[PDB]
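Peer 1: Task: produce atomic coordinates for the following.
(2 chains, ligands or ions: 12)
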Amino acid sequence: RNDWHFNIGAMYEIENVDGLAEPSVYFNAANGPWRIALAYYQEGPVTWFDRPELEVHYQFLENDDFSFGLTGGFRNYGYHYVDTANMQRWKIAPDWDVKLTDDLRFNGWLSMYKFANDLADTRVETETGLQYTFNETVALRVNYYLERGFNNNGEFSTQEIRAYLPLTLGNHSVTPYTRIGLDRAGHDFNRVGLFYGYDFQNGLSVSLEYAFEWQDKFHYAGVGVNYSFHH
Amino acid sequence: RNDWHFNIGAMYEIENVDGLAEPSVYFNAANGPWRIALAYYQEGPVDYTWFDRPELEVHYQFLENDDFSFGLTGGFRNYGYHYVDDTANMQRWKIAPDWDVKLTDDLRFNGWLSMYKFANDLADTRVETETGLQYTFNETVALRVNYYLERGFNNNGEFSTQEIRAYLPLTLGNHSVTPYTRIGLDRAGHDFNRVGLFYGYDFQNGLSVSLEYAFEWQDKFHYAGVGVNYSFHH
Ligand SMILES: CCCCCCCCOCCOCCOCCOCCO
Ligand SMILES: CCCCCCCCOCCOCCOCCOCCO
Ligand SMILES: [Cl-]
Ligand SMILES: [Cl-]
Ligand SMILES: [Cl-]
Ligand SMILES: [Cl-]
Ligand SMILES: [Cl-]
Ligand SMILES: [Cl-]
Ligand SMILES: [Cl-]
Ligand SMILES: [Cl-]
Ligand SMILES: [Cl-]
Ligand SMILES: [Cl-]
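Peer 2: Numbers count the residues shown, from 1 in each chain, chains lettered A, B, ... in the order given. Ligands and ions are numbered 1, 2, ... in the order given. Take a look at the structure below.
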């Protein structure tokens, strides 16, 4: 009688200006607070690599006024080229949502990455901000986003302000979003894009995302399917 | 040739106004970033209902360097309770980020956040955090002002503890002296206060002693404790 969530799904993504094809298969299960995610991803020209990924999530607390949980995960980048060099990534993320006002909400995730051999390299990636909620269907989100590599050798900073406007009307999800990359070591850059999604009400859903980015034109386009069965 | 830190130590603590005796044994080892801590603690009424804490703890220090440093602890503790009017147990899982960040040559923004989840008998999420600023005068002297919060979450329920804490760590020769005060702001809004002195000594051979005296009030409270720690490396 014990309630499980079994999701399985896959995504195809391509980024062009030729390009990168990105097959993605994933599935995950959930019991009460606990959740487990396995995923396999691969990157190649249509030199390549693949991502085995395991992830666990414990949701400590979920209630209106405050909610938070913690993700761990392991990923492996097998690189194959034109010899098999591998790189591992350990990820610990706190993720939270906090109630300020009926509209206002302070939430976000913080991610602590540690990279294994071949290729120290600590990394912090964070997206945290405010969600204003207009009504059931519409909400605005402005986040601060930062990725930092730490400490020849070394790494640098990425800073962006992101804005999404999630729109849920009937079976459709529409989420326009922009990323304004701030200086972040240098000059301005920009991503804009639309995230469409659809739900057939039966556990099947589709995800279509288009994005343009520039500094240097960039075209991202991707699709996905997900099936949700419970128990 | 591989560098380990083996520490072992114990502490005796008593809190009175009768009172609570608190035997504590602990030891831990460290390799590069990684560290492991085991500890056993016990709480009971002396003479001139109790419980005991088995505790395991792991710490990964991701980054240590002047300008920025951080790491993450996890740990498991078990409170065996034994009583008078049957052995009921309670488990506690702890995930703490801990950080230190460089603002200025003097100023430093650091602290730890702790996420507790409690197991059966007796949900109960808990957040405990101490975060603040460290001003550094010189090698020997530094001031620390932190914000401290403990929160239990969501008959049934829990409440808030809020405090501002101040320590003045003083390292002169072999001696550590750390006066500290805790001004408890909130519970339901009554005021309360702890004051205390933390003495410590190092014999330079790996042995060290820790003597701490504290008074607290709202309701007088007397805490006194001692400890020894031995550090051998490799
Ligand atoms: C887990 C037990 C921790 C130790 C218990 C403390 C109570 C009495 O122990 C006193 C230990 O004193 C001996 C210190 O070690 C010898 C000194 O080492 C210096 C030689 O280089
Ligand atoms: C609470 C447990 C904390 C520590 C207990 C585990 C002790 C294991 O330590 C073993 C130390 O190192 C193992 C072998 O040492 C390296 C030998 O080879 C190096 C020379 O090439
Ligand atoms: Cl987000
Ligand atoms: Cl509406
Ligand atoms: Cl937008
Ligand atoms: Cl998106
Ligand atoms: Cl202790
Ligand atoms: Cl404790
Ligand atoms: Cl602290
Ligand atoms: Cl003081
Ligand atoms: Cl002490
Ligand atoms: Cl104490």
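Peer 1: what sits against residue A:28?
Peer 2: The contact partners of residue A:28, by C-beta atoms under 8 Å, 6 or more residues apart in numbering or on different chains, come to A:5, A:6, A:7, A:8, A:35, A:36, A:37, A:38, A:55. In this view, the C-beta of every residue, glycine as well, is placed from N, C-alpha and C.
Peer 1: oh sorry, the question was meant for residue A:16
Peer 2: By C-beta under 8 Å, 6+ apart, residue A:16 lies in contact with residue A:219.
Peer 1: ok so, going back, would you turn the contacts of residue A:28 into CSV with secondary structure and neighbour count?
Peer 2: Formatted as CSV, the contacts of residue A:28 follow (DSSP: H, G, I helix; E, B strand; the rest coil; neighbours: other C-beta atoms under 10 Å in any protein chain shown):
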residue, secondary structure, neighbour count
A:5, strand, 13
A:6, strand, 14
A:7, strand, 18
A:8, strand, 15
A:35, strand, 18
A:36, strand, 13
A:37, strand, 17
A:38, strand, 14
A:55, strand, 18
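Peer 1: Give me the three-state assignment for the residue of chain A found nearest ligand 2.
Peer 2: In chain A, the residue that lies nearest ligand 2 is residue A:117 (18.5 Å; C-beta to the nearest ligand atom). With DSSP: H, G, I helix; E, B strand; the rest coil as the basis, residue A:117 sits in coil.
Peer 1: Ok, residue A:91 next?
Peer 2: Under three-state DSSP, the three-state class of residue A:91 is strand.
Peer 1: how near is it to residue A:43?
Peer 2: Distance of residue A:91 to residue A:43, computed by C-beta to C-beta, to the nearest Å: 18 Å.
Peer 1: same deal with residue A:53?
Peer 2: Using C-beta to C-beta, residue A:53 is found at 13 Å from residue A:43.
Peer 1: Equivalent analysis for residue A:198, please.
Peer 2: For residue A:198 relative to residue A:43 (C-beta to C-beta), the value is 26 Å.
Peer 1: Ok, residue A:103 next?
Peer 2: For residue A:103, the distance to residue A:43 (C-beta to C-beta) stands at 40 Å.
Peer 1: how many other residues sit next to the closest residue to residue A:228 other than its chain neighbours?
Peer 2: Spatial nearest neighbour of residue A:228, chain neighbours left out: residue A:203 (4.4 Å); criterion: C-beta to C-beta, 6 or more residues apart in numbering or on different chains. The local packing of residue A:203 (other C-beta atoms under 10 Å in any protein chain shown) involves 13 other residues.
Peer 1: Let me see the contact set for residue A:203.
Peer 2: By C-beta under 8 Å, 6+ apart, residue A:203 lies in contact with A:227, A:228, A:229.
Peer 1: ok, so of those residues, who is nearest ligand 5?
Peer 2: Closest approach between the contacts of residue A:203 and ligand 5, by C-beta to the ion: residue A:228, at 27.8 Å.
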